[PDB]
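*Asks:* Take this structure first; my questions come after.
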Amino acid sequence: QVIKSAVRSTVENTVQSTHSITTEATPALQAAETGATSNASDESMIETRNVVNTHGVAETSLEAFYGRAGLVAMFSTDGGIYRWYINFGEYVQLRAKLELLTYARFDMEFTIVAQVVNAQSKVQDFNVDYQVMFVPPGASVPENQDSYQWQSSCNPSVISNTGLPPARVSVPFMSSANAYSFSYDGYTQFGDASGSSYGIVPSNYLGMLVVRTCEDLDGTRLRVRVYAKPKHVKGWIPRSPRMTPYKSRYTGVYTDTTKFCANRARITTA
Amino acid sequence: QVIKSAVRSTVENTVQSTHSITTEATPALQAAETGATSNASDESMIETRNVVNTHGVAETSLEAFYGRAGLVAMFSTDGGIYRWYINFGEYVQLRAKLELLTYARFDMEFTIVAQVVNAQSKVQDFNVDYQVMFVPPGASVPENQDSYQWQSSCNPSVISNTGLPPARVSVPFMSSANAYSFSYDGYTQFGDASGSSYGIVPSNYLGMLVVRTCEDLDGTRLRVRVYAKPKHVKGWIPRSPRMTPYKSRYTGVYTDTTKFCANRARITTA
Amino acid sequence: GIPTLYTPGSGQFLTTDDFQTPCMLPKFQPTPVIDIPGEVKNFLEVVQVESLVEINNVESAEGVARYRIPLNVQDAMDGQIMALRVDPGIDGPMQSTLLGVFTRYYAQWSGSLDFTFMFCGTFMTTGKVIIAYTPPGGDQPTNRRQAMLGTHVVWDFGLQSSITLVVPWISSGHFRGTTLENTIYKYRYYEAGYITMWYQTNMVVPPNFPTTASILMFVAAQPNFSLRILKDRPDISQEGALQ
Amino acid sequence: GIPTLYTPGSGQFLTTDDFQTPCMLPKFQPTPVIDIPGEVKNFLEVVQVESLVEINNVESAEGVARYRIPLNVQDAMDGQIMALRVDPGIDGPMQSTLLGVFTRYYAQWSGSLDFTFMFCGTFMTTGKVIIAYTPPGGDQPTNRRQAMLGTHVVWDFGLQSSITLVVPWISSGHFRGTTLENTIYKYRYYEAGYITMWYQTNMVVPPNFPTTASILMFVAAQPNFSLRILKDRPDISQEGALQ
Amino acid sequence: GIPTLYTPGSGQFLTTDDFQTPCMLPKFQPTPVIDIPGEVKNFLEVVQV
Amino acid sequence: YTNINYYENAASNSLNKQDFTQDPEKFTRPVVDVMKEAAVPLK
Amino acid sequence: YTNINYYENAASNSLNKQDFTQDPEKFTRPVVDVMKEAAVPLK
Amino acid sequence: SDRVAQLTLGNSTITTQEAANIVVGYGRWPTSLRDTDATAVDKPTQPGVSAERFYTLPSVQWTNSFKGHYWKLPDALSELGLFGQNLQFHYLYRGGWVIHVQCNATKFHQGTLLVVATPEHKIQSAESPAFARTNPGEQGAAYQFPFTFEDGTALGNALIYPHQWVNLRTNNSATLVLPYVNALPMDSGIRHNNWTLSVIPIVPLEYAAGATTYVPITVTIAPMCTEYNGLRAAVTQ
Amino acid sequence: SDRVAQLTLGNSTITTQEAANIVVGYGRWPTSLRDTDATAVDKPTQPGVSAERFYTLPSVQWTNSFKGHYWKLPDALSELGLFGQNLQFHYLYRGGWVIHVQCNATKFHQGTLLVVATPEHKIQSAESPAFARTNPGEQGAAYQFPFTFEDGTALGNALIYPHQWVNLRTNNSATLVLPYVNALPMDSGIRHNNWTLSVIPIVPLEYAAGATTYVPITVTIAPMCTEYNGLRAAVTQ
Ligand SMILES: CCCCCCCCCCCCC/C=C\[C@H](O)[C@H](N)CO
Ligand SMILES: CCCCCCCCCCCCC/C=C\[C@H](O)[C@H](N)CO
Ligand SMILES: CCCCCCCCOS(=O)(=O)[O-]
Ligand SMILES: N[C@@H](CCC(=O)O)C(=O)O
Ligand SMILES: N[C@@H](CCC(=O)O)C(=O)O
Ligand SMILES: [K+]
Ligand SMILES: [K+]
Ligand SMILES: [K+]
Ligand SMILES: [K+]
Ligand SMILES: [K+]
Ligand SMILES: [K+]
């Protein structure tokens with residue numbers, strides 16, 4: 001609109017300045033009330049030298065910050081099957097990162113690591129075949145290990161083995177919206193004034209993953225970890241970062257606190 | 001012939017319309033008796049705005065709908081061998097999809113997943129060599145694990161191992177016909193007025209798969225799942241979709257019903 | 001040997017993968033592609049065909065009768081004839097239609113719908129009915145007055161037996177979910193609205209004529225309709241391999 | 001078959017790898033990218049925004065009050081108002097700021113910092129304070145005399161409510177570590193210096209006016225600031241999967 | 001190393017496959033093809049007798 | 001992007017990448033006499 | 001160097017390699033009236 | 001979309017003064033076998049006007065209990081005129097159709113018939129269909145399960161096939177032109193029925209008290225653009 | 001950066017003689033829905049001056065115990081003038097805002113207010129938020145946890161959102177122009193609040209003994225560049 005955004009690949013140089021004794025130029029004087037950040041520059045506050053600065057800005061780009069796998073789910077089968085709802089609020093690290101943007105669009109790379117464990121949770125050197133089926137909302141969800149739904153004629157399935165490298169697939173930007181929302185000041189449905197339906201973007205829920213072992217294990221079970229990596233990231237409206245602990249997987253509910261950093265004896269002692 | 005079919009890659013835009021008070025143009029008036037579907041458009045029933053619609057139409061193409069693997073067979077060996085007749089009526093999902101077209105031509109990708117199981121059907125971590133032989137009609141079918149027919153000098157065979165990735169081969173469009181038929185109002189042979197020979201297209205049967213373990217397993221058996229994926233799909237004459245359950249693997253026989261959707265109290269209550 | 005480094009994904013069997021694989025019959029030559037009428041290239045061609053809606057889904061209605069909307073000479077005014085949710089992919093009257101079977105094979109939909117109604121009373125039976133589409137926000141309208149404040153069409157019986165009510169695509173988002181399953185995903189977020197029918201005037205008949213007649217209900221997708229994300233149709237199932 | 005030789009690394013899952021992988025929905029077509037205000041391309045755009053420093057981190061200070069630097073009419077001269085380490089990534093007043101949260105997501109930093117102060121006393125309350133940046137070598141200065149020998153700014157209260165103190169990048173190396181963890185890495189090697197505030201003259205008020213007023217403290221990165229080597233933010237943790 | 005991703009089918013022995021494989025005698029030179037009457041190229045030549 | 005064939009028979013080829021739709025007229029309006037939208041169907 | 005696509009959908013592509021930053025003005029100085037550095041902000 | 005028509009084939013001419021346009025299945029009129037599709041090498045027979053004319057079948061009464069009626073093609077005409085003779089004497093047959101369904105009542109009656117032609121319409125509501133239902137002859141057969149279309153599908157979705165409606169207030173006839181459809185260039189006319197023609201009542205016949213109650217439904221069919229191969233002696237299924 | 005201003009919208013004109021420039025969120029003024037972003041196909045309604053004017057809400061007193069107060073948009077005006085009428089009658093709404101916060105004291109007082117507009121500001125300090133706090137109406141609601149911004153973040157970092165300060169020694173008002181923000185081209189004005197406007201005191205109100213102690217805070221808001229789709233009967237959440 002009014003304010004333009006130029007593009008750059010290196011931070012700004014420093015150019016030599018000299019002294020100043022004047023009444024026309026007062027760069028140090030500011031007014032925070034305006035809503036603007038100070039615009040006093042290095043060169044104006046002190047006498048500087050020339051510095052050709054080539055320090056890059058690549059590792060702070062959206063793509064460099066978000067572009068790496070992170071844990072989003074971990075579970076074990078119970079009867080050779082397990083149904084997980086695709087939502088990233090279980091594990092806080094990747095969650096706290098995504099919530100730094102208000103809206104964002106991105107593709108994802110899912111990596112699935114599986115291994116067999118016995119009843120005492122001790123890993124076994126056992127190669128077994130496993131199936132991961134994506135069941136969109138409205139599709140019939142498998143009740144158990146051998147239900148008919150695993151024929152998977154339309155639902156996408158991936159079949160690999162605990163002895164093969166981890167499985168991995170890419171996923172497109174799937175929301176019905178034009179971007180995923182990581183903050184939503186509204187309700188899930190019309191005619192509902194209940195706190196249980198507040199702050200959830202239903203279009204952010206695209207289904208569930210149902211995992212099973214193609215054949216039954218005798219006394220052991222499948223231990224699964226799902227990693228997710230954002231790719232081709234586009235984001236809008238940066239947010240105030242999370243400063244208190246997460247409590248609930250599905251909401252941002254928190255416990256108030258009176259300080260963020262630890263106290264010190266005196267404000268005059270560094 | 002008379003009606004031409006234009007090709008497009010996006011759904012239709014909406015262009016701005018205005019009010020209308022006239023006796024010459026009555027787009028809302030139709031006559032379903034003609035056999036035609038209404039041709040009243042959005043722009044004619046209400047005042048619309050301009051909408052450049054770019055929503056694509058790719059995932060509903062024959063190739064996007066049919067182009068993915070689906071289960072067509074599952075079985076275990078009995079004496080280190082098993083003979084399956086190549087027919088897709090065992091499992092209903094892929095079957096119900098194919099029956100949406102009357103005639104169709106397509107290549108196929110067969111993926112075979114195998115693993116060893118004991119007598120109680122508990123998977124074993126056992127790598128054994130297995131053989132899958134395609135025996136066309138008229139060729140001698142193996143009686144057991146070590147018959148001479150497994151020399152396979154002409155019949156195609158695939159030999160892999162339960163520890164190797166699943167096996168997979170492509171198959172051409174093999175019928176003697178110019179397309180496979182998924183509905184056939186006729187008989188299998190001349191001079192037969194019997195219900196047992198009605199509704200079967202014999203040219204849709206191209207043989208059988210005979211599976212064996214190259215060497216005998218001691219107390220266990222081969223558990224096999226065959227997936228099939230249509231490729232390069234061509235279809236003609238869409239059909240009324242299946243609305244009742246399948247009963248028989250080889251015919252469309254069904255049980256009559258008096259409703260499809262569940263009832264509601266009143267026709268005036270949504 | 002050329003240096004290679006295999007990666008995660010290796011060996012996996014993704015049912016939607018798309019690789020080239022050796023053919024079992026390398027030199028095989030298929031029969032010719034002959035001229036056969038009615039070729040289809042995309043299933044969107046099929047959901048654009050009007051099919052009958054099982055609108056009369058009540059205990060008293062069995063078989064063919066579930067396709068008939070009942071009209072009858074009133075002795076009161078402004079009364080209601082029928083009501084239904086326009087959502088094409090949820091359980092109810094629309095699930096056994098062409099539009100529905102296919103909407104149920106996918107997870108998201110978008111587009112205007114074509115609702116065509118055909119009157120089947122005698123040539124001498126007249127009438128005017130108002131059909132309305134109420135956008136999301138509340139519940140189905142309670143009276144004709146509330147209904148006519150939305151998108152509607154006033155239908156006059158005559159030689160042209162039918163009338164179309166276009167339920168235009170009015171949504172916050174470019175797409176909607178095909179199900180309104182609420183207990184988990186909270187998908188009631190996507191409800192598309194209601195379609196109600198009311199008497200504009202009355203159904204009038206000459207002496208001794210049938211005082212009740214039938215309306216048939218047709219539905220199809222408009223040219224700007226499209227579906228996304230294939231999924232297994234929920235109505236097709238089995239308990240075990242077929243005999 | 002083309003001769004290949006697989007190498008070490010094969011099969012490994014490096015979370016920062018970058019290979020092309022088969023898509024689960026090959027033919028899927030996403031919704032359009034619409035016009036939305038406020039797009040961000042790099043997080044350096046965000047750390048350049050001034051955010052409040054929790055400078056009054058003392059027992060007696062709770063909540064909002066921890067953002068207020070206290071001033072008051074003196075009866076002695078040259079006294080000290082506040083002191084703090086300028087290091088943006090260590091525990092203390094700066095860890096809950098925008099600059100800090102992001103500096104704590106990385107292991108190394110470089111650049112000049114923007115320290116802006118805004119006076120909030122009454123329009124009639126005057127004063128002059130000196131703010132200084134002391135480069136590495138010893139401990140924070142002990143008196144105004146020692147402080148003014150470094151980089152400073154003398155601030156005069158008036159219509160322009162605020163003043164900026166640029167803590168220029170003066171370092172031996174091109175980058176510094178974001179933590180000064182000493183017991184292991186001996187990273188106190190990187191300490192960037194101190195920032196102290198002192199009365200230049202005095203805060204003078206008319207009769208009956210409040211004799212104490214507040215200064216708010218803002219901080220941001222200058223245009224030559226950059227971060228390197230992403231790492232997990234230490235303040236975000238959990239004891240187990242969330243319910 | 002060039003990034004690769006092996007797929008289903010790997011390791012299988014399809015009797016009708018058609019790959020190039022290392023020769024056991026790389027530098028071997030066969031005897032000449034001499035003139036012999038009655039060459040056949042397709043078995044359709046034989047069923048026509 | 002790359003689309004090159006390795007195998008001999010076309011059945012080995014990957015899925016067709018031409019996913020469009022065509023006019024449904026042969027299914028939605030297979031009539032002999034044209035019935036324009038602005039007109040009445042039966043005349 | 002090599003950047004060529006093997007798969008059909010763009011979601012399969014590797015990470016974007018355009019990692020730059022842009023002017024933060026829309027965030028740091030979203031005001032209507034220009035306030036030059038050499039001038040006093042409030043006049 | 002005119003409401004009148006005249007159909008003249010061979011020595012037979014049909015007229016209606018209350019039609020509702022004319023449907024052409026899949027937008028394709030009947031065409032002969034092309035040289036690149038053909039496989040049977042013998043010169044075909046083409047009867048012309050002797051077999052390509054209108055044949056009227058015995059009428060069916062729209063009773064109160066009426067569920068519908070169907071005829072299979074070419075089975076229904078497998079024994080009529082020279083068309084049937086040619087069908088029996090040849091191994092192979094190919095051909096299209098022109099169908100005209102008739103049912104007049106009065107302006108004091110109400111009712112609605114679906115007139116549909118379905119390619120490969122299987123009568124599979126029984127485990128072992130009886131030859132009398134799969135091949136009912138010129139008299140055709142009655143519907144027992146109209147709601148499930150006798151094949152496990154929804155009657156309401158039968159509109160995906162070529163059709164017209166006979167809505168008594170609007171028209172007294174339905175007219176359809178069908179092309180040959182098969183996964184083969186030709187086939188046997190005795191072992192396979194390519195099309196099925198059904199007339200199913202979706203809105204029951206009603207009328208003002210005292211009006212005529214005896215209402216018939218007459219079906220008239222014409223082979224069109226036919227050709228036969230593989231001549232021998234006469235044979236029926 | 002002048003210190004005076006006049007804002008004229010419709011039939012309403014606002015003035016201030018002690019401003020501190022004017023903020024435009026994200027540097028973008030309000031704009032209408034473009035044809036390539038739009039999805040709802042119906043012609044929109046554009047009320048113009050009837051709904052795009054200044055509406056003044058009831059004043060709040062800057063008490064001694066005052067923690068702040070917030071209003072949700074469009075909730076706060078969901079029942080005012082023709083703007084609110086249009087909001088209720090349409091399923092869909094889109095629009096920008098012009099906000100003017102007022103608070104004058106004297107040169108003998110001191111205090112500082114943060115005036116911030118936050119996109120999608122969730123009130124999530126309770127497990128099951130009460131409708132009276134998420135949608136407080138024209139009277140708005142009071143802050144209970146200003147330090148954690150009612151959403152688990154640091155109040156100090158709220159400056160990452162469009163804002164101004166009302167520092168009594170410097171200005172008696174704050175002015176903000178906000179564009180429409182959402183991951184959708186349009187949305188429902190009753191089920192979703194796009195922006196939240198908060199006035200939080202960061203430096204307590206103080207003054208020379210005997211000075212006026214009754215100091216109000218008045219908020220005046222104007223819809224700008226609005227458009228509505230999906231007309232029906234009136235409906236509220
Ligand atoms: C067959 C392999 C499995 C592939 C799984 C595909 C699932 C589709 C990915 C959807 C990713 C959207 C996540 C967006 C937002 C998060 O859920 C938020 N934290 C919820 O508020
Ligand atoms: C050596 C690997 C095994 C390869 C197997 C090749 C088998 C040939 C494939 C024939 C596919 C034709 C299937 C067509 C129709 C279905 O059977 C119908 N449901 C039967 O009515
Ligand atoms: C269990 C042994 C699996 C390793 C086989 C992988 C071979 C590498 O395949 S390659 O990329 O085409 O060279
Ligand atoms: N649908 C199969 C089971 C699926 C599987 O085990 O892969 C059945 O009902 O027999
Ligand atoms: N044809 C072999 C057996 C084939 C096999 O076991 O592979 C035989 O008769 O000895
Ligand atoms: K530079
Ligand atoms: K300045
Ligand atoms: K700055
Ligand atoms: K278009
Ligand atoms: K018309
Ligand atoms: K239409």
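Ligands are numbered from 1 in the order shown, chains are lettered A, B, ... in the order of the structure tokens, and residues start at 1 in each chain.
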Considering only strand (DSSP E) as DSSP defines it on the backbone, what residues of range 30-188 of chain H qualify? List them as a ChimeraX atom specification.
*Replies:* /H:55-56,60-61,69-73,90-102,109-119,141-142,163-167,173-178
*Asks:* Could you list, as a PyMOL selection string, the residues of chain H having an atom within 8 Å of chain F when counting only C-alpha atoms?
*Replies:* chain H and resi 1-3+20-27+160-162
*Asks:* Could you give me, as a ChimeraX atom specification, every polymer residue with an atom at most 12 Å away from an atom of ligand 3, counting only C-alpha atoms and all ligand atoms?
*Replies:* /A:127,161-165 /B:127,161-165 /C:1-11 /D:1-11 /E:1-11
*Asks:* Please give me, as a PyMOL selection string, the residues lying within 12 Å of ligand 10 when counting only C-alpha atoms and all ligand atoms.
*Replies:* (chain B and resi 24-32+36-41+44-45) or (chain C and resi 116+160-164) or (chain F and resi 34-43) or (chain H and resi 1)
*Asks:* With a cut-off of 6 Å and counting only C-alpha atoms, select all residues of chain B in contact with chain C and give the selection as a ChimeraX atom specification.
*Replies:* /B:11-12,28-31,37,60-62,68-69,90-91,165,169-171,173,178,235-237,248-249,258-259,261,263-264,267-270
*Asks:* Just the selected residues (C-alpha atoms), exported as a compact mmCIF listing (two decimals), in the first residue's frame, please.
*Replies:*
# COMPACT_ATOMS: atom_id res chain seq x y z
CA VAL B 11 -14.23 -24.52 -13.60
CA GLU B 12 -16.31 -21.67 -15.06
CA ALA B 28 -35.82 -20.20 -14.92
CA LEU B 29 -38.54 -22.06 -16.85
CA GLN B 30 -37.56 -25.63 -17.67
CA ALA B 31 -38.99 -28.93 -18.87
CA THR B 37 -30.72 -31.10 -17.46
CA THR B 60 -11.80 -35.90 -10.70
CA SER B 61 -10.26 -37.04 -14.01
CA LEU B 62 -10.47 -40.75 -14.76
CA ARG B 68 -3.87 -45.62 -7.12
CA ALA B 69 -3.28 -49.07 -5.72
CA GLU B 90 -13.43 -60.54 -3.75
CA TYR B 91 -12.92 -57.06 -2.26
CA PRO B 165 10.83 -54.53 -1.01
CA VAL B 169 5.23 -55.39 -12.46
CA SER B 170 3.18 -53.53 -15.07
CA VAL B 171 0.61 -55.34 -17.20
CA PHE B 173 -4.39 -54.03 -21.72
CA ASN B 178 -11.57 -53.57 -27.38
CA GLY B 235 -13.64 -45.14 -20.19
CA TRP B 236 -17.05 -44.98 -21.86
CA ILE B 237 -20.70 -44.76 -20.74
CA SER B 248 -21.31 -62.79 -4.64
CA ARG B 249 -17.73 -62.46 -5.92
CA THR B 258 -37.09 -49.98 0.48
CA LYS B 259 -34.93 -46.96 1.25
CA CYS B 261 -31.04 -43.03 3.33
CA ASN B 263 -35.78 -41.78 7.54
CA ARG B 264 -36.55 -38.55 9.41
CA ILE B 267 -40.38 -33.80 5.38
CA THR B 268 -40.55 -30.20 6.63
CA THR B 269 -37.80 -30.56 9.20
CA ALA B 270 -34.23 -30.19 7.89
*Asks:* Rank A:43, A:63, A:109, A:143 by their smallest atom-to-atom distance to residue 78 in chain A, using only C-alpha atoms, and report the top residue only.
*Replies:*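 Among the listed residues, A:143 lies closest to residue 78 in chain A.
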*Asks:* Ligand 4: which residues are within 12 Å, counting only C-alpha atoms and all ligand atoms, as a PyMOL selection string?
*Replies:* (chain A and resi 80-81+129-133+142-153+157+159+212-216) or (chain B and resi 70-76+90-94+113-114+121+223-227) or (chain C and resi 236-243)
*Asks:* Write the residues of the selection above to a file with N, CA and C atoms, as a compact mmCIF listing (two decimals), in the first residue's frame.
*Replies:*
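Output contents, as saved in result-v8.txt:
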# COMPACT_ATOMS: atom_id res chain seq x y z
N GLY A 80 -2.66 -54.05 17.63
CA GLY A 80 -2.15 -53.93 16.28
C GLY A 80 -2.74 -52.78 15.48
N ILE A 81 -3.20 -51.74 16.17
CA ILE A 81 -3.79 -50.60 15.47
C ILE A 81 -3.73 -49.40 16.40
N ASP A 129 6.04 -55.75 8.77
CA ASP A 129 5.40 -54.84 7.82
C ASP A 129 4.31 -54.02 8.52
N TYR A 130 4.28 -52.72 8.27
CA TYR A 130 3.26 -51.85 8.85
C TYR A 130 2.61 -50.98 7.77
N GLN A 131 1.37 -50.54 8.04
CA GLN A 131 0.57 -49.74 7.13
C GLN A 131 0.12 -48.45 7.81
N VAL A 132 0.25 -47.34 7.10
CA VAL A 132 -0.19 -46.03 7.59
C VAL A 132 -1.22 -45.52 6.57
N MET A 133 -2.46 -45.38 7.01
CA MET A 133 -3.55 -44.91 6.15
C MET A 133 -4.10 -43.55 6.60
N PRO A 142 -11.24 -47.44 10.46
CA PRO A 142 -11.06 -48.83 10.88
C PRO A 142 -11.25 -49.07 12.37
N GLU A 143 -12.02 -50.10 12.70
CA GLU A 143 -12.26 -50.44 14.08
C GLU A 143 -11.10 -51.29 14.62
N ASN A 144 -10.49 -52.11 13.77
CA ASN A 144 -9.38 -52.93 14.24
C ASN A 144 -8.49 -53.48 13.13
N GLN A 145 -7.36 -54.05 13.54
CA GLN A 145 -6.32 -54.60 12.66
C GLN A 145 -6.72 -55.15 11.27
N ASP A 146 -7.83 -55.87 11.18
CA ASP A 146 -8.24 -56.44 9.90
C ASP A 146 -9.59 -56.04 9.30
N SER A 147 -10.10 -54.87 9.67
CA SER A 147 -11.38 -54.38 9.12
C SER A 147 -11.24 -54.20 7.61
N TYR A 148 -12.36 -54.09 6.90
CA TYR A 148 -12.30 -53.97 5.43
C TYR A 148 -11.66 -52.66 4.94
N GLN A 149 -11.75 -51.60 5.75
CA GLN A 149 -11.19 -50.30 5.34
C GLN A 149 -9.72 -50.26 4.95
N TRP A 150 -8.93 -51.26 5.36
CA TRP A 150 -7.51 -51.26 5.01
C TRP A 150 -7.26 -51.69 3.55
N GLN A 151 -8.33 -52.00 2.81
CA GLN A 151 -8.18 -52.34 1.38
C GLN A 151 -7.61 -51.08 0.75
N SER A 152 -7.98 -49.95 1.35
CA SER A 152 -7.53 -48.62 0.95
C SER A 152 -7.59 -48.27 -0.54
N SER A 153 -8.68 -48.61 -1.24
CA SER A 153 -8.79 -48.31 -2.68
C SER A 153 -8.82 -46.81 -3.06
N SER A 157 -2.47 -44.79 1.39
CA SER A 157 -1.82 -45.63 2.39
C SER A 157 -0.34 -45.73 2.06
N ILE A 159 2.85 -48.39 2.93
CA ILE A 159 3.23 -49.66 3.53
C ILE A 159 4.75 -49.81 3.44
N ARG A 212 -1.38 -49.71 11.64
CA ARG A 212 -1.59 -51.11 11.97
C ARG A 212 -0.37 -51.92 11.53
N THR A 213 -0.34 -53.19 11.91
CA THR A 213 0.71 -54.11 11.50
C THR A 213 -0.08 -55.04 10.58
N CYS A 214 0.40 -55.23 9.35
CA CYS A 214 -0.28 -56.07 8.36
C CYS A 214 -0.66 -57.45 8.87
N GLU A 215 0.15 -57.97 9.79
CA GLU A 215 -0.12 -59.27 10.43
C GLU A 215 0.10 -59.06 11.94
N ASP A 216 -0.55 -59.86 12.77
CA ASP A 216 -0.39 -59.69 14.21
C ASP A 216 0.96 -60.06 14.81
N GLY B 70 -5.02 -50.54 -4.92
CA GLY B 70 -6.12 -50.99 -4.07
C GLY B 70 -6.06 -52.51 -3.94
N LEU B 71 -6.46 -53.06 -2.79
CA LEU B 71 -6.42 -54.52 -2.55
C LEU B 71 -7.38 -55.31 -3.43
N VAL B 72 -6.86 -56.34 -4.11
CA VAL B 72 -7.70 -57.21 -4.95
C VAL B 72 -7.63 -58.69 -4.56
N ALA B 73 -6.69 -59.04 -3.70
CA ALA B 73 -6.55 -60.42 -3.27
C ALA B 73 -5.74 -60.57 -1.99
N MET B 74 -6.12 -61.54 -1.17
CA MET B 74 -5.41 -61.84 0.06
C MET B 74 -5.61 -63.32 0.35
N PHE B 75 -4.51 -64.02 0.66
CA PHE B 75 -4.55 -65.47 0.91
C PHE B 75 -3.28 -66.06 1.55
N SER B 76 -3.35 -67.32 1.97
CA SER B 76 -2.21 -68.00 2.58
C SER B 76 -2.01 -69.32 1.86
N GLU B 90 -13.64 -60.11 -5.15
CA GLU B 90 -13.43 -60.54 -3.75
C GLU B 90 -13.55 -59.39 -2.74
N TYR B 91 -12.94 -58.26 -3.09
CA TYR B 91 -12.92 -57.06 -2.26
C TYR B 91 -13.72 -55.96 -2.94
N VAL B 92 -14.71 -55.43 -2.22
CA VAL B 92 -15.64 -54.46 -2.78
C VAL B 92 -15.25 -53.04 -3.13
N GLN B 93 -14.24 -52.48 -2.49
CA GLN B 93 -13.87 -51.11 -2.77
C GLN B 93 -13.44 -50.79 -4.20
N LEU B 94 -12.44 -51.49 -4.71
CA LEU B 94 -11.96 -51.25 -6.06
C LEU B 94 -12.99 -51.74 -7.07
N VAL B 113 2.78 -57.95 -1.80
CA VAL B 113 3.38 -57.87 -0.48
C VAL B 113 3.29 -59.22 0.22
N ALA B 114 4.43 -59.79 0.60
CA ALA B 114 4.39 -61.08 1.26
C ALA B 114 5.17 -61.15 2.55
N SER B 121 -1.37 -67.53 13.01
CA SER B 121 -1.42 -66.30 12.24
C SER B 121 -0.64 -65.13 12.82
N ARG B 223 1.90 -65.60 3.61
CA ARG B 223 0.73 -64.76 3.67
C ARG B 223 0.96 -63.72 2.57
N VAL B 224 0.05 -63.68 1.59
CA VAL B 224 0.15 -62.78 0.43
C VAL B 224 -1.02 -61.80 0.20
N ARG B 225 -0.68 -60.57 -0.17
CA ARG B 225 -1.66 -59.53 -0.49
C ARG B 225 -1.28 -58.98 -1.86
N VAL B 226 -2.22 -58.97 -2.80
CA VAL B 226 -1.98 -58.45 -4.15
C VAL B 226 -2.72 -57.13 -4.36
N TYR B 227 -1.99 -56.06 -4.67
CA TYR B 227 -2.62 -54.76 -4.90
C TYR B 227 -2.62 -54.49 -6.39
N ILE C 236 -19.93 -48.28 0.89
CA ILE C 236 -19.50 -49.57 0.34
C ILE C 236 -18.60 -50.30 1.33
N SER C 237 -19.09 -51.41 1.87
CA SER C 237 -18.33 -52.19 2.85
C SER C 237 -18.60 -53.67 2.76
N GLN C 238 -17.82 -54.44 3.50
CA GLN C 238 -17.97 -55.89 3.55
C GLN C 238 -17.43 -56.44 4.88
N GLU C 239 -17.88 -57.65 5.26
CA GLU C 239 -17.42 -58.29 6.49
C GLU C 239 -16.31 -59.31 6.24
N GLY C 240 -16.09 -59.65 4.98
CA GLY C 240 -15.05 -60.61 4.62
C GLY C 240 -15.07 -60.92 3.14
N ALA C 241 -13.98 -61.49 2.62
CA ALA C 241 -13.89 -61.83 1.20
C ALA C 241 -15.17 -62.47 0.70
N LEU C 242 -15.62 -62.04 -0.48
CA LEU C 242 -16.86 -62.57 -1.02
C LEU C 242 -16.73 -63.97 -1.59
N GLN C 243 -17.76 -64.78 -1.34
CA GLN C 243 -17.80 -66.15 -1.79
C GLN C 243 -18.06 -66.19 -3.29
